[PDB]
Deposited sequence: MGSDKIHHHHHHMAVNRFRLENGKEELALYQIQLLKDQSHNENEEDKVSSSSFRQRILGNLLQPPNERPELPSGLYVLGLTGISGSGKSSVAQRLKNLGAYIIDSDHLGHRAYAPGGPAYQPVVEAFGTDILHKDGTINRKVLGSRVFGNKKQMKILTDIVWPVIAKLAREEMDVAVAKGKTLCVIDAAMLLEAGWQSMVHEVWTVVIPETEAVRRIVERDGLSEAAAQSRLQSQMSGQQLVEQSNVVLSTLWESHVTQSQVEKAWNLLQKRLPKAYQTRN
């Protein structure tokens, strides 16, 4: 039988367990948790969807964030206090285009925001996992761009990172988001490098190759995971 495997060098086999999982006494007893992260342009949402198709319960942190500071949500009042009512649409919802203009590319302002929002999202993620476990789910994935920067590896058994070369990342960002190349590198500089992410990962994946190769990696990763679940 002839086949190909995917590797990262400076060897790490993509899909394999690279270092031991974390012990997590505080998580619900029936539940295994993956933290899924990657650099912008990594295509990690494609990977999250493939894990969803295999049966994982996905918690999308970006969405939880938007709900956290929806009117009625725990972060609404603090975010509006911290940034002012000029960030609000006419209907009183946060205008994320205006908020983004305040914080993107701006280290101090983004920190005012994430100091408020990240703890709120982490709490909402913990709540969602509890509900999922009550409804019989046994494997949860917290999909988060800034997982390691937020310290959220404390909430997961395994960190899974989706990586691609920085040149392809910048290309995907510039093209798909209509960013200037400087805005794209600004985005990338404002987060951990692929190598930093890899070093702190239990499993590494890549969307560098065509879609069928990504699927194969994810299936291989999923199968190995299943055999090491408690």
Just jot down which stretches of the deposited chain sequence have no CA coordinates, in the order they come.
1-27, 38-54, 275-281
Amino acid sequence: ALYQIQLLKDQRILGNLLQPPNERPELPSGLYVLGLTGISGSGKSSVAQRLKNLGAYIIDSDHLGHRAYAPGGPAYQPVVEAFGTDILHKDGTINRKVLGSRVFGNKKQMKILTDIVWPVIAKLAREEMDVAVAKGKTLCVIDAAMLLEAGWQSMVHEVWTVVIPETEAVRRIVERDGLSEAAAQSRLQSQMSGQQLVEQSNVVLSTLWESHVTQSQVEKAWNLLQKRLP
From here on, numbers count along this sequence of modelled residues.
For the C-alpha atoms alone, is the average B factor greater in 200-208 or in 23-31, going by the entry?
23-31
Determine, for stretches 180-188 and 35-43, which one has the higher mean CA B-factor as deposited.
180-188
Residue 53 CA temperature factor, ranked by third within the chain
highest
Could you look up the Cα B-factor of residue 224 in the entry and say which third of the chain it sits in: lowest, middle or highest?
lowest
Looking at the C-alpha B-factor of residue 7, is it in the lowest, middle or highest third of its chain?
middle
Chain third (lowest, middle, highest) by recorded CA B-factor, residue given as residue 61:
middle
Looking at the temperature factor on the CA atom of residue 70, which third of the chain's modelled residues does it land in?
middle
